[PDB]
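>>> can't give you the sequence, but here's the structure:
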């Protein structure tokens with residue numbers, strides 16, 4: 001009964017594969033709903049066509065800036081920002097989905113998928129989902145990243161929605 005959403009990933013326009021996510025609406029319903037709605041586009045804006053602007057192998061993939069495509073933008077379905085809902089869930093290993101932010105209570109649309117255990121983020125970033133299928137596609141995404149985060153090819157969300 002937790003929702004599952006998918007991203008279809010492309011590399012320089014060429015399909016790579018699909019990664020689906022379980023969203024923990026039972027624990028962080030407000031945060032889960034923001035990501036779900038941005039994935040379906042039902043409010044008139046969202047993730048479809050946006051890029052992953054920062055990929056650091058052995059750490060994480062960051063995306064969700066659909067307004068400036070570079071980490072400075074994005075917005076939530078609740079307004080420009082919203083609060084840290086809770087910190088019940090921890091960054092326990094690869095596949096964790098967690099909100100990017102710029103201080104307390106500044107969640108927007110940007111998120112990251114962890115590709116490592118990142119315990120130092122506990123209590124500072126809201127964990128709200130996990131990769132359910134296609135972790136191999138995330139691992140293939142990593143290979144286009146670099147130490148400073150710049151990607152060698154353009155990694156986009158070609159399609160997305162709810163399963």
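Looks like it arrived, so ask away. Numbers count the residues shown, from 1 in each chain.
>>> Is residue 7 in contact with residue 17, as I believe?
No - contact criterion CB atoms under 8 Å: residue 7 and residue 17 do not qualify, at 9.5 Å. Using the backbone N, CA and C atoms, a C-beta is placed for each residue, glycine as well.
>>> The two: which is more packed in?
Between residue 7 and residue 17, counted using other CB atoms under 10 Å, the more crowded position is residue 7 (26 against 16).
>>> That one in helix, strand or coil?
Here residue 7 is recorded as strand under DSSP: H, G, I helix; E, B strand; the rest coil.
>>> Quick check: it vs residue 124, distance?
Computed as CB to CB, to the nearest Å, the residue 7 to residue 124 distance reads 25 Å.
>>> What lies in contact with the longest helix seen in the chain?
Of all the elements of type helix in the chain, the one with the most residues (DSSP state H) is helix 29-40. For helix 29-40, contacts defined as CB atoms under 8 Å, 6 or more residues apart in numbering pick out 2-3, 5-7, 21, 23-25, 43, 45-47, 64, 66, 76-78, 82, 85, 97, 99, 107, 109, 111, 126, 128-129, 160-162.
>>> Mind doing that once more with 6 Å?
Residues from elsewhere that reach helix 29-40 (CB atoms under 6 Å, 6 or more residues apart in numbering): 3, 5, 23-25, 43, 46-47, 76-77, 85, 109, 126, 128, 160-162.
>>> With stretch 133-140 instead?
For stretch 133-140, contacts defined as CB under 6 Å, 6+ apart pick out 17, 18, 19, 20, 95, 113.
>>> And that stretch, what's buried?
Buried residues in stretch 133-140, counted by 16 or more other CB atoms under 10 Å: 134, 137, 138.
>>> Filter the contacts of helix 29-40 down to the buried ones.
For the contacts of helix 29-40, buried by 16+ other CB under 10 Å: 3, 5, 23-25, 46-47, 76-77, 85, 109, 126, 128, 160-161.
>>> Am I right that residue 6 is in contact with residue 21?
No - between residue 6 and residue 21 there is no contact, the gap being 7.5 Å when judged by CB atoms under 6 Å.
>>> more neighbours, those two?
residue 21 (28 against 19).
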